[PDB]
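Participant: Have a look at the structure that comes next, please.
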Amino acid sequence: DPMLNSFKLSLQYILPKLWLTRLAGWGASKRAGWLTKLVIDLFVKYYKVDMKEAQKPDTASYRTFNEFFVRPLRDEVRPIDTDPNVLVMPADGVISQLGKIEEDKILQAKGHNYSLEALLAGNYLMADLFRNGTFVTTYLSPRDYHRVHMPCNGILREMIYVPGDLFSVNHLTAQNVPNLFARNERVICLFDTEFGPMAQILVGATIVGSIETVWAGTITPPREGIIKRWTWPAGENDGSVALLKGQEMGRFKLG
Amino acid sequence: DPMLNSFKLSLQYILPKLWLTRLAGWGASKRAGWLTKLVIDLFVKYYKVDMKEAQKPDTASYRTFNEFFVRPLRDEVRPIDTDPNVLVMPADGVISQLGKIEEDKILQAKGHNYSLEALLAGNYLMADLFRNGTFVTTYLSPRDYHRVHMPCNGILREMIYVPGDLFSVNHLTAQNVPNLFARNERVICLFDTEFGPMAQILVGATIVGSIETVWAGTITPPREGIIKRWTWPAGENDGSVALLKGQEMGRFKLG
Amino acid sequence: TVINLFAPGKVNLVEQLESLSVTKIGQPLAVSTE
Amino acid sequence: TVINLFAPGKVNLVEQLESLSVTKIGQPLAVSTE
């Protein structure tokens with residue numbers, strides 16, 4: 001079993017992770033009637049999706065497969081907390097790891113940690129902002145919702161796209177692939193909020209490799225392989241972008 | 001010609017670039033008397049390597065292929081311009097492009113320029129040191145001698161490692177691969193010298209992918225996949241780092 | 001997978017939360033120190 | 001392939017050096033503006 005694993009993660013780094021991702025992205029983004037519905041039905045049956053919570057729970061009511069993936073929910077089912085002195089959970093899933101960031105070193109899994117700098121791609125200024133702060137990491141199983149929402153009111157200041165590999169971010173790889181979140185493709189979002197600065201980072205999976213924010217649409221693909229970075233004003237200014245506690249800020253997608 | 005130029009960019013785009021590098025880096029690093037010699041012999045024969053410039057012209061005296069690839073020349077065959085107001089060439093090769101950096105844009109090939117931030121992996125602080133400046137892109141043919149020397153007396157300040165792809169880096173690519181030097185795995189060396197802040201970068205290729213410096217050693221392999229950053233004192237300090245004009249600072253390798 | 005960062009002293013997360021906890025959007029995650 | 005970067009107006013390259021110019025180590029490449 002322990003080395004049954006140690007050939008399952010061997011399977012991970014050999015297979016052309018990128019090419020399969022782009023192949024699966026082409027398939028899920030194409031117009032297929034019964035095909036997608038059949039694929040969707042099997043998916044729903046395998047990963048035990050709770051279609052009741054979906055805004056449109058008939059598996060046929062979705063055109064492509066990515067549409068079923070980015071399914072908007074019955075807004076009546078996710079209640080943003082009332083207390084403006086509480087920060088609300090950002091996305092559906094299960095908590096990977098959380099706690100205090102102990103001097104720039106974040107716990108990945110037991111026996112593995114990664115630098116606040118290497119995660120933020122060497123932006124040591126942004127890294128210096130969060131030394132000895134707090135963090136939280138959420139794993140989004142295929143069963144779960146796949147759009148990302150804000151924990152509190154935010155004013156956008158920076159956004160940074162980072163290229164990288166496409167390993168599976170499942171727990172099996174999380175306990176063996178070092179600096180997984182610092183290597184895999186990711187997008188960083190930096191806000192000002194009533195509780196100091198706050199960063200919310202989206203990281204792709206081995207075929208769930210598309211990341212789109214609501215304010216810029218799809219960012220990857222294309223996977224241009226370099227770093228893009230934009231800047232915003234201080235809020236309540238010309239060209240200022242802001243969004244509230246519980247708003248959709250982005251989502252994951254196949255491709 | 002159109003076929004070869006086609007298939008050349010073709011197999012480039014499709015072949016497992018990381019996996020061919022590993023084999024060469026493991027083959028050129030093993031010791032086998034005659035083959036390594038015979039490979040060096042056929043290497044010099046096909047690429048027309050000037051084996052007379054070397055300190056050890058006998059191809060049989062090279063144990064492995066990498067040792068010959070990092071062959072030291074005769075110190076008398078490369079005389080360094082001693083005028084302290086000029087800057088000596090970095091290493092043997094040819095110039096791709098050069099000239100003025102028109103507002104954080106650097107020319108690559110005809111109809112192709114790349115951003116300065118993209119080259120430095122989002123480090124905007126370093127980019128502002130070189131906005132509206134000058135540059136020089138120097139290519140190293142396999143025939144050339146594969147170590148780099150300093151254009152001037154400089155003090156080492158920062159070093160930034162960037163993970164990336166492994167492309168051909170021959171001119172046919174440089175005219176078709178966008179942001180070729182901002183994508184491929186590279187190593188950045190930031191210097192202080194009497195002529196202001198000087199930068200010197202080292203970009204690898206689709207087989208020539210290993211990068212090492214005289215002060216740090218073999219940086220890659222291993223390819224770890226995250227941005228590493230070091231800093232150094234500003235000269236005249238306990239542990240400060242400096243080196244002279246035309247002095248060996250680094251070298252490329254197969255791996 | 002999503003990842004969040006916060007300033008050092010402005011926010012305390014829920015003490016009952018740990019690994020493998022159930023993460024649903026509308027539920028609390030952290031409370032201000034004010 | 002290696003690339004060098006310099007200050008805006010603290011140096012000047014050789015005007016004779018264009019693209020494809022042969023590059024050997026010990027030769028001069030630029031000169032200060034002082």
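Residues are named by chain letter and number: chains run A, B, ... in the order of the structure tokens, numbers start at 1 in each chain, and ligands are numbered from 1 in the order shown.
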List as a PyMOL selection string the protein and nucleic acid residues near residue C:31, meaning an atom at most 6 Å away when only C-alpha atoms are counted, but skip any in the same chain fewer than 5 places from it.

Facilitator: (chain A and resi 85-87) or (chain C and resi 11-12)

Participant: Near residue B:158, within 12 Å and counting only C-alpha atoms, which residues show up once chain neighbours fewer than 5 positions away are dropped, as a list in words?

Facilitator: residues 120, 123, 125, 126, 187, 188, 189, 190, 191, 192, 197, 198, 199, 200, 201, 228, 229, 230, 231, 232, 233, 234, 240, 241 and 242 of chain B

Participant: Could those selected residues go to a file with N, CA and C atoms, as a PDB file, in the first residue's frame?

Facilitator:
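Final output, saved to selection.pdb:
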```pdb
ATOM      1  N   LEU B 120      12.042  39.638 -15.896  1.00  0.00           N
ATOM      2  CA  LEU B 120      12.461  39.564 -14.504  1.00  0.00           C
ATOM      3  C   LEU B 120      11.407  38.937 -13.598  1.00  0.00           C
ATOM      4  N   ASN B 123       9.378  41.182 -10.944  1.00  0.00           N
ATOM      5  CA  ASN B 123      10.121  42.079 -10.065  1.00  0.00           C
ATOM      6  C   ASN B 123      10.148  43.472 -10.686  1.00  0.00           C
ATOM      7  N   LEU B 125      10.616  46.310  -9.259  1.00  0.00           N
ATOM      8  CA  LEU B 125      11.690  47.129  -8.705  1.00  0.00           C
ATOM      9  C   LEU B 125      12.945  47.036  -9.563  1.00  0.00           C
ATOM     10  N   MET B 126      13.322  45.817  -9.952  1.00  0.00           N
ATOM     11  CA  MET B 126      14.493  45.643 -10.803  1.00  0.00           C
ATOM     12  C   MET B 126      14.251  46.204 -12.198  1.00  0.00           C
ATOM     13  N   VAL B 187      18.416  32.099 -15.198  1.00  0.00           N
ATOM     14  CA  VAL B 187      19.011  32.550 -13.943  1.00  0.00           C
ATOM     15  C   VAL B 187      19.428  34.005 -14.101  1.00  0.00           C
ATOM     16  N   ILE B 188      19.026  34.843 -13.148  1.00  0.00           N
ATOM     17  CA  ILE B 188      19.249  36.284 -13.196  1.00  0.00           C
ATOM     18  C   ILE B 188      20.335  36.642 -12.191  1.00  0.00           C
ATOM     19  N   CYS B 189      21.313  37.437 -12.629  1.00  0.00           N
ATOM     20  CA  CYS B 189      22.371  37.950 -11.763  1.00  0.00           C
ATOM     21  C   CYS B 189      22.359  39.472 -11.834  1.00  0.00           C
ATOM     22  N   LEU B 190      22.020  40.117 -10.721  1.00  0.00           N
ATOM     23  CA  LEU B 190      22.013  41.571 -10.626  1.00  0.00           C
ATOM     24  C   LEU B 190      23.329  42.038 -10.018  1.00  0.00           C
ATOM     25  N   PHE B 191      23.954  43.029 -10.652  1.00  0.00           N
ATOM     26  CA  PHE B 191      25.285  43.479 -10.274  1.00  0.00           C
ATOM     27  C   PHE B 191      25.296  44.976 -10.001  1.00  0.00           C
ATOM     28  N   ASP B 192      26.253  45.391  -9.175  1.00  0.00           N
ATOM     29  CA  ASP B 192      26.606  46.793  -8.996  1.00  0.00           C
ATOM     30  C   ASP B 192      27.989  47.023  -9.592  1.00  0.00           C
ATOM     31  N   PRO B 197      23.836  50.172 -12.086  1.00  0.00           N
ATOM     32  CA  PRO B 197      23.392  48.779 -11.919  1.00  0.00           C
ATOM     33  C   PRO B 197      23.423  48.043 -13.250  1.00  0.00           C
ATOM     34  N   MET B 198      24.146  46.927 -13.284  1.00  0.00           N
ATOM     35  CA  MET B 198      24.254  46.093 -14.471  1.00  0.00           C
ATOM     36  C   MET B 198      23.632  44.732 -14.191  1.00  0.00           C
ATOM     37  N   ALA B 199      22.895  44.215 -15.166  1.00  0.00           N
ATOM     38  CA  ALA B 199      22.298  42.893 -15.077  1.00  0.00           C
ATOM     39  C   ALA B 199      22.955  41.962 -16.085  1.00  0.00           C
ATOM     40  N   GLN B 200      23.009  40.678 -15.736  1.00  0.00           N
ATOM     41  CA  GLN B 200      23.512  39.654 -16.645  1.00  0.00           C
ATOM     42  C   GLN B 200      22.733  38.374 -16.392  1.00  0.00           C
ATOM     43  N   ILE B 201      22.044  37.892 -17.422  1.00  0.00           N
ATOM     44  CA  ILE B 201      21.135  36.762 -17.305  1.00  0.00           C
ATOM     45  C   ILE B 201      21.718  35.579 -18.068  1.00  0.00           C
ATOM     46  N   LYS B 228      13.464  31.247  -6.795  1.00  0.00           N
ATOM     47  CA  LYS B 228      14.383  31.431  -5.682  1.00  0.00           C
ATOM     48  C   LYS B 228      15.046  32.797  -5.799  1.00  0.00           C
ATOM     49  N   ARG B 229      15.260  33.448  -4.658  1.00  0.00           N
ATOM     50  CA  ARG B 229      15.899  34.757  -4.637  1.00  0.00           C
ATOM     51  C   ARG B 229      16.900  34.825  -3.496  1.00  0.00           C
ATOM     52  N   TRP B 230      18.117  35.257  -3.813  1.00  0.00           N
ATOM     53  CA  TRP B 230      19.130  35.572  -2.820  1.00  0.00           C
ATOM     54  C   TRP B 230      19.544  37.028  -2.971  1.00  0.00           C
ATOM     55  N   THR B 231      20.078  37.587  -1.891  1.00  0.00           N
ATOM     56  CA  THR B 231      20.672  38.912  -1.914  1.00  0.00           C
ATOM     57  C   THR B 231      22.047  38.846  -1.264  1.00  0.00           C
ATOM     58  N   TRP B 232      22.856  39.861  -1.529  1.00  0.00           N
ATOM     59  CA  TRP B 232      24.237  39.903  -1.078  1.00  0.00           C
ATOM     60  C   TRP B 232      24.558  41.303  -0.581  1.00  0.00           C
ATOM     61  N   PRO B 233      25.604  41.448   0.235  1.00  0.00           N
ATOM     62  CA  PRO B 233      26.003  42.784   0.689  1.00  0.00           C
ATOM     63  C   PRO B 233      26.419  43.677  -0.472  1.00  0.00           C
ATOM     64  N   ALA B 234      26.479  44.977  -0.190  1.00  0.00           N
ATOM     65  CA  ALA B 234      26.812  45.990  -1.191  1.00  0.00           C
ATOM     66  C   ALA B 234      28.306  46.265  -1.274  1.00  0.00           C
ATOM     67  N   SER B 240      30.803  39.906   1.556  1.00  0.00           N
ATOM     68  CA  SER B 240      30.477  40.534   0.285  1.00  0.00           C
ATOM     69  C   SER B 240      31.090  39.750  -0.872  1.00  0.00           C
ATOM     70  N   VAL B 241      30.485  39.899  -2.048  1.00  0.00           N
ATOM     71  CA  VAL B 241      30.883  39.153  -3.235  1.00  0.00           C
ATOM     72  C   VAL B 241      31.121  40.128  -4.379  1.00  0.00           C
ATOM     73  N   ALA B 242      32.296  40.034  -4.995  1.00  0.00           N
ATOM     74  CA  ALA B 242      32.625  40.816  -6.175  1.00  0.00           C
ATOM     75  C   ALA B 242      33.547  39.986  -7.055  1.00  0.00           C
TER      76      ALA B 242
END
```

Participant: Find the spatial neighbours of residue A:129, counting only C-alpha atoms, within a cut-off of 9 Å - ignore same-chain residues fewer than 2 positions away - and output them as a list in words.

Facilitator: residues 124, 125, 126, 127, 131, 133 and 197 of chain A; 6, 7 and 8 of chain C

Participant: Could you please determine the separation between atom CA of residue B:20 and atom CA of residue B:180 in Å, to one decimal place?

Facilitator: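 A separation of 18.8 Å between them.
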
Participant: Please, can I see chain D fitted onto chain C by all in-order Cα atoms (least squares), as a compact mmCIF listing (two decimals) with C-alpha atoms, in the first residue's frame?

Facilitator:
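Generated output (out27.txt):
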```txt
# COMPACT_ATOMS: atom_id res chain seq x y z
CA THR D 1 -8.04 24.70 -4.31
CA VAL D 2 -8.19 28.26 -2.98
CA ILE D 3 -6.06 29.86 -0.25
CA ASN D 4 -6.59 33.03 1.79
CA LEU D 5 -3.97 35.18 3.54
CA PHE D 6 -4.48 37.74 6.30
CA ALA D 7 -2.67 40.30 8.43
CA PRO D 8 -0.69 39.05 11.46
CA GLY D 9 -2.99 40.26 14.23
CA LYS D 10 -6.00 41.82 12.51
CA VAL D 11 -8.15 38.66 12.54
CA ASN D 12 -8.60 35.32 14.31
CA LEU D 13 -9.80 32.06 12.78
CA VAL D 14 -12.30 29.63 14.31
CA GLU D 15 -10.55 27.31 16.76
CA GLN D 16 -13.13 24.59 16.07
CA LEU D 17 -12.05 24.45 12.40
CA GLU D 18 -9.18 21.98 12.01
CA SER D 19 -7.93 20.08 8.98
CA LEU D 20 -10.50 18.13 6.91
CA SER D 21 -13.33 20.31 8.28
CA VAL D 22 -16.20 20.44 5.79
CA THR D 23 -16.42 23.82 4.04
CA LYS D 24 -19.61 25.35 2.61
CA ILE D 25 -19.88 28.85 1.15
CA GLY D 26 -22.33 30.65 3.40
CA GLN D 27 -20.74 29.68 6.73
CA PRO D 28 -18.41 31.83 8.87
CA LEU D 29 -14.67 31.23 8.89
CA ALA D 30 -12.98 33.94 11.01
CA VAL D 31 -13.68 37.09 13.04
CA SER D 32 -11.85 40.36 13.66
CA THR D 33 -9.74 41.25 16.69
CA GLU D 34 -11.51 44.58 17.29
```

Participant: Report as an MDAnalysis selection string the set of chain A residues whose atoms approach chain C to within 7 Å, with distances computed over only C-alpha atoms.

Facilitator: chainID A and resid 78:81 85:98 129:130 132:140 195:204

Participant: Those same residues, written as an mmCIF file, in the first residue's frame with N, CA and C atoms?

Facilitator:
```
data_model
loop_
_atom_site.group_PDB
_atom_site.id
_atom_site.type_symbol
_atom_site.label_atom_id
_atom_site.label_comp_id
_atom_site.auth_asym_id
_atom_site.auth_seq_id
_atom_site.Cartn_x
_atom_site.Cartn_y
_atom_site.Cartn_z
ATOM 1 N N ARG A 78 -26.874 29.025 0.025
ATOM 2 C CA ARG A 78 -25.615 29.490 0.608
ATOM 3 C C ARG A 78 -25.828 30.830 1.297
ATOM 4 N N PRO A 79 -26.009 30.845 2.619
ATOM 5 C CA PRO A 79 -26.343 32.098 3.309
ATOM 6 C C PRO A 79 -25.133 32.827 3.875
ATOM 7 N N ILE A 80 -24.743 33.939 3.243
ATOM 8 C CA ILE A 80 -23.638 34.740 3.759
ATOM 9 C C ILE A 80 -23.962 35.192 5.176
ATOM 10 N N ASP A 81 -23.002 35.015 6.083
ATOM 11 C CA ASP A 81 -23.230 35.294 7.495
ATOM 12 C C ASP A 81 -23.563 36.767 7.706
ATOM 13 N N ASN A 85 -18.416 41.476 11.641
ATOM 14 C CA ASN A 85 -17.148 41.208 12.302
ATOM 15 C C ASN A 85 -16.717 39.753 12.173
ATOM 16 N N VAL A 86 -17.389 38.966 11.336
ATOM 17 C CA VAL A 86 -16.928 37.627 10.991
ATOM 18 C C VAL A 86 -16.631 37.592 9.499
ATOM 19 N N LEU A 87 -15.559 36.893 9.141
ATOM 20 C CA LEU A 87 -15.208 36.630 7.753
ATOM 21 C C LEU A 87 -15.746 35.257 7.375
ATOM 22 N N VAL A 88 -16.401 35.179 6.229
ATOM 23 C CA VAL A 88 -17.178 34.010 5.844
ATOM 24 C C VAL A 88 -16.332 33.124 4.937
ATOM 25 N N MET A 89 -16.673 31.838 4.870
ATOM 26 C CA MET A 89 -15.842 30.894 4.135
ATOM 27 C C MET A 89 -15.847 31.248 2.649
ATOM 28 N N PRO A 90 -14.749 30.994 1.923
ATOM 29 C CA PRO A 90 -14.655 31.523 0.555
ATOM 30 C C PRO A 90 -15.272 30.624 -0.507
ATOM 31 N N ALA A 91 -15.160 29.304 -0.358
ATOM 32 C CA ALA A 91 -15.634 28.394 -1.391
ATOM 33 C C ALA A 91 -15.987 27.048 -0.777
ATOM 34 N N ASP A 92 -16.831 26.301 -1.486
ATOM 35 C CA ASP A 92 -17.284 25.003 -0.998
ATOM 36 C C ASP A 92 -16.184 23.959 -1.126
ATOM 37 N N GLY A 93 -16.138 23.046 -0.173
ATOM 38 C CA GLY A 93 -15.187 21.955 -0.201
ATOM 39 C C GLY A 93 -14.894 21.470 1.214
ATOM 40 N N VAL A 94 -13.634 21.108 1.442
ATOM 41 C CA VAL A 94 -13.153 20.688 2.752
ATOM 42 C C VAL A 94 -11.825 21.381 3.022
ATOM 43 N N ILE A 95 -11.599 21.754 4.281
ATOM 44 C CA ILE A 95 -10.405 22.513 4.640
ATOM 45 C C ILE A 95 -9.188 21.601 4.560
ATOM 46 N N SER A 96 -8.196 22.009 3.769
ATOM 47 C CA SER A 96 -6.937 21.281 3.697
ATOM 48 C C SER A 96 -6.122 21.541 4.957
ATOM 49 N N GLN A 97 -5.521 22.726 5.054
ATOM 50 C CA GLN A 97 -4.776 23.124 6.239
ATOM 51 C C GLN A 97 -5.043 24.592 6.538
ATOM 52 N N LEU A 98 -4.908 24.956 7.811
ATOM 53 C CA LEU A 98 -5.155 26.320 8.256
ATOM 54 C C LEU A 98 -4.356 26.577 9.524
ATOM 55 N N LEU A 129 4.120 41.559 3.572
ATOM 56 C CA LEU A 129 2.860 42.004 4.155
ATOM 57 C C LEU A 129 2.264 40.957 5.085
ATOM 58 N N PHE A 130 2.500 39.674 4.813
ATOM 59 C CA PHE A 130 1.793 38.597 5.494
ATOM 60 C C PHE A 130 2.693 37.754 6.389
ATOM 61 N N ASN A 132 4.040 36.218 9.537
ATOM 62 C CA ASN A 132 3.492 35.997 10.878
ATOM 63 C C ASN A 132 2.024 36.418 10.972
ATOM 64 N N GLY A 133 1.270 36.167 9.904
ATOM 65 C CA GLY A 133 -0.163 36.398 9.894
ATOM 66 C C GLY A 133 -0.982 35.139 10.111
ATOM 67 N N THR A 134 -1.983 34.913 9.258
ATOM 68 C CA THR A 134 -2.786 33.695 9.284
ATOM 69 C C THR A 134 -3.093 33.270 7.853
ATOM 70 N N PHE A 135 -3.545 32.024 7.700
ATOM 71 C CA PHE A 135 -3.847 31.478 6.382
ATOM 72 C C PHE A 135 -4.931 30.414 6.497
ATOM 73 N N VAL A 136 -5.423 29.982 5.335
ATOM 74 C CA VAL A 136 -6.359 28.866 5.242
ATOM 75 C C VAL A 136 -6.351 28.375 3.801
ATOM 76 N N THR A 137 -6.488 27.060 3.629
ATOM 77 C CA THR A 137 -6.405 26.419 2.322
ATOM 78 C C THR A 137 -7.569 25.450 2.166
ATOM 79 N N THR A 138 -8.296 25.564 1.051
ATOM 80 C CA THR A 138 -9.528 24.812 0.834
ATOM 81 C C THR A 138 -9.402 23.958 -0.418
ATOM 82 N N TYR A 139 -9.621 22.652 -0.266
ATOM 83 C CA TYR A 139 -9.618 21.711 -1.380
ATOM 84 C C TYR A 139 -11.025 21.584 -1.955
ATOM 85 N N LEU A 140 -11.151 21.784 -3.267
ATOM 86 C CA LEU A 140 -12.448 21.769 -3.952
ATOM 87 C C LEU A 140 -12.598 20.450 -4.705
ATOM 88 N N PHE A 195 -9.897 44.540 7.503
ATOM 89 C CA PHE A 195 -9.050 43.741 8.383
ATOM 90 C C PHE A 195 -7.656 43.623 7.765
ATOM 91 N N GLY A 196 -7.031 44.774 7.529
ATOM 92 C CA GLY A 196 -5.746 44.824 6.876
ATOM 93 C C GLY A 196 -5.848 44.383 5.430
ATOM 94 N N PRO A 197 -4.725 44.000 4.833
ATOM 95 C CA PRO A 197 -4.764 43.434 3.485
ATOM 96 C C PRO A 197 -5.165 41.968 3.518
ATOM 97 N N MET A 198 -5.628 41.488 2.366
ATOM 98 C CA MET A 198 -6.080 40.110 2.255
ATOM 99 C C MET A 198 -5.790 39.602 0.852
ATOM 100 N N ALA A 199 -5.255 38.389 0.776
ATOM 101 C CA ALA A 199 -4.949 37.737 -0.486
ATOM 102 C C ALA A 199 -5.819 36.500 -0.647
ATOM 103 N N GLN A 200 -6.349 36.310 -1.852
ATOM 104 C CA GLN A 200 -7.125 35.124 -2.199
ATOM 105 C C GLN A 200 -6.563 34.567 -3.496
ATOM 106 N N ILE A 201 -6.062 33.335 -3.445
ATOM 107 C CA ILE A 201 -5.291 32.749 -4.536
ATOM 108 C C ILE A 201 -6.043 31.548 -5.089
ATOM 109 N N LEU A 202 -6.173 31.493 -6.410
ATOM 110 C CA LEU A 202 -6.806 30.381 -7.104
ATOM 111 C C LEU A 202 -5.723 29.550 -7.779
ATOM 112 N N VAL A 203 -5.773 28.233 -7.583
ATOM 113 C CA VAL A 203 -4.760 27.317 -8.097
ATOM 114 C C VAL A 203 -5.457 26.189 -8.844
ATOM 115 N N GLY A 204 -4.956 25.865 -10.038
ATOM 116 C CA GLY A 204 -5.601 24.872 -10.867
ATOM 117 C C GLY A 204 -5.155 23.451 -10.565
#
```

Participant: Do you have the atom CA of residue A:174-atom CA of residue A:218 distance handy?

Facilitator: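 The value is 26.2 Å.
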
Participant: Of the candidates A:206, A:247, A:36, A:115, which shows the shortest atom-to-atom distance to chain B, using only C-alpha atoms?

Facilitator: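 Comparing A:206, A:247, A:36, A:115 against chain B, the winner is A:115.
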
Participant: Kindly provide, as a ChimeraX atom specification, the residues of chain A having any atom no farther than 6 Å from an atom of chain B, counting only C-alpha atoms.

Facilitator: /A:118,121,183,225-227

Participant: Kindly give the distance, in Å, that separates atom CA of residue A:76 and atom CA of residue A:59, rounded to a single decimal.

Facilitator: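 One can read the atom CA of residue A:76 to atom CA of residue A:59 distance as 19.9 Å.
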
Participant: Would you list the contacts of residue B:38 as a list in words, taking every protein, DNA or RNA residue within 12 Å and counting only C-alpha atoms, but skipping same-chain residues closer than 2 positions in sequence?

Facilitator: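 The residues that qualify are residues 32, 33, 34, 35, 36, 40, 41, 42, 43, 44, 45, 46, 58, 59, 60, 61, 62, 63, 64, 65 and 68 of chain B.
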
Participant: Considering only strand (DSSP E or B) as DSSP defines it on the backbone, what residues of stretch 127-248 of chain A qualify? List them as an mmCIF file with C-alpha atoms, in the first residue's frame.

Facilitator:
```
data_model
loop_
_atom_site.group_PDB
_atom_site.id
_atom_site.type_symbol
_atom_site.label_atom_id
_atom_site.label_comp_id
_atom_site.auth_asym_id
_atom_site.auth_seq_id
_atom_site.Cartn_x
_atom_site.Cartn_y
_atom_site.Cartn_z
ATOM 1 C CA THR A 134 -2.786 33.695 9.284
ATOM 2 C CA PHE A 135 -3.847 31.478 6.382
ATOM 3 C CA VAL A 136 -6.359 28.866 5.242
ATOM 4 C CA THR A 137 -6.405 26.419 2.322
ATOM 5 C CA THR A 138 -9.528 24.812 0.834
ATOM 6 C CA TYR A 139 -9.618 21.711 -1.380
ATOM 7 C CA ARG A 147 -16.979 29.265 -8.109
ATOM 8 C CA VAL A 148 -14.959 31.308 -5.612
ATOM 9 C CA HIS A 149 -16.532 33.950 -3.369
ATOM 10 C CA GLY A 154 -12.737 43.903 -0.677
ATOM 11 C CA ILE A 155 -11.168 46.527 -2.906
ATOM 12 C CA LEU A 156 -8.988 45.103 -5.664
ATOM 13 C CA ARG A 157 -5.403 46.386 -5.716
ATOM 14 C CA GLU A 158 -3.227 43.772 -7.449
ATOM 15 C CA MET A 159 -3.657 40.614 -9.497
ATOM 16 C CA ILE A 160 -0.831 38.313 -10.574
ATOM 17 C CA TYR A 161 -1.016 35.311 -12.893
ATOM 18 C CA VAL A 162 1.725 32.723 -12.345
ATOM 19 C CA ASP A 165 2.687 22.690 -13.858
ATOM 20 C CA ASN A 184 1.265 24.597 -10.086
ATOM 21 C CA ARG A 186 -2.153 29.844 -10.058
ATOM 22 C CA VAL A 187 -3.655 33.334 -9.935
ATOM 23 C CA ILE A 188 -3.166 35.690 -6.977
ATOM 24 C CA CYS A 189 -5.696 38.344 -5.948
ATOM 25 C CA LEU A 190 -4.792 41.084 -3.463
ATOM 26 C CA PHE A 191 -7.440 43.217 -1.754
ATOM 27 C CA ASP A 192 -7.627 45.920 0.844
ATOM 28 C CA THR A 193 -10.257 45.162 3.466
ATOM 29 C CA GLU A 194 -11.442 46.322 6.884
ATOM 30 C CA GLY A 196 -5.746 44.824 6.876
ATOM 31 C CA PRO A 197 -4.764 43.434 3.485
ATOM 32 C CA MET A 198 -6.080 40.110 2.255
ATOM 33 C CA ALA A 199 -4.949 37.737 -0.486
ATOM 34 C CA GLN A 200 -7.125 35.124 -2.199
ATOM 35 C CA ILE A 201 -5.291 32.749 -4.536
ATOM 36 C CA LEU A 202 -6.806 30.381 -7.104
ATOM 37 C CA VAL A 203 -4.760 27.317 -8.097
ATOM 38 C CA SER A 210 -8.664 27.123 -16.130
ATOM 39 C CA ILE A 211 -9.012 30.126 -13.818
ATOM 40 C CA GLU A 212 -11.315 33.079 -14.455
ATOM 41 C CA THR A 213 -12.105 36.094 -12.290
ATOM 42 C CA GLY A 217 -12.975 36.876 -17.370
ATOM 43 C CA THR A 218 -10.881 33.874 -18.344
ATOM 44 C CA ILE A 219 -7.188 34.367 -17.562
ATOM 45 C CA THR A 220 -5.788 30.926 -18.398
ATOM 46 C CA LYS A 228 1.164 39.104 -15.808
ATOM 47 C CA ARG A 229 0.472 41.772 -13.200
ATOM 48 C CA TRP A 230 -1.948 44.699 -13.070
ATOM 49 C CA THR A 231 -2.553 47.482 -10.542
ATOM 50 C CA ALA A 242 -14.552 46.603 -5.305
ATOM 51 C CA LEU A 243 -16.810 43.729 -4.287
ATOM 52 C CA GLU A 248 -18.510 35.807 -6.711
#
```

Participant: Residues of stretch 72-116 of chain A classed as helix (DSSP H, G or I) by DSSP on the backbone are to be reported as a list in words.

Facilitator: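 Residues meeting the helix (DSSP H, G or I) criterion: residues 75, 76, 77 and 116 of chain A.
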
Participant: Those residues with N, CA, C and O atoms, as an mmCIF file, in the first residue's frame please?

Facilitator:
```
data_model
loop_
_atom_site.group_PDB
_atom_site.id
_atom_site.type_symbol
_atom_site.label_atom_id
_atom_site.label_comp_id
_atom_site.auth_asym_id
_atom_site.auth_seq_id
_atom_site.Cartn_x
_atom_site.Cartn_y
_atom_site.Cartn_z
ATOM 1 N N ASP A 75 -29.139 30.324 -4.960
ATOM 2 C CA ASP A 75 -28.667 31.321 -4.002
ATOM 3 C C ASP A 75 -29.336 31.194 -2.638
ATOM 4 O O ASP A 75 -28.776 31.660 -1.639
ATOM 5 N N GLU A 76 -30.505 30.553 -2.569
ATOM 6 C CA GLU A 76 -31.178 30.298 -1.303
ATOM 7 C C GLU A 76 -30.463 29.266 -0.440
ATOM 8 O O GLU A 76 -30.858 29.080 0.715
ATOM 9 N N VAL A 77 -29.433 28.595 -0.958
ATOM 10 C CA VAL A 77 -28.797 27.508 -0.220
ATOM 11 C C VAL A 77 -27.482 27.917 0.442
ATOM 12 O O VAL A 77 -27.020 27.214 1.354
ATOM 13 N N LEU A 116 6.392 31.844 1.760
ATOM 14 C CA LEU A 116 5.458 32.891 1.370
ATOM 15 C C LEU A 116 5.928 33.603 0.108
ATOM 16 O O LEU A 116 5.107 34.127 -0.653
#
```
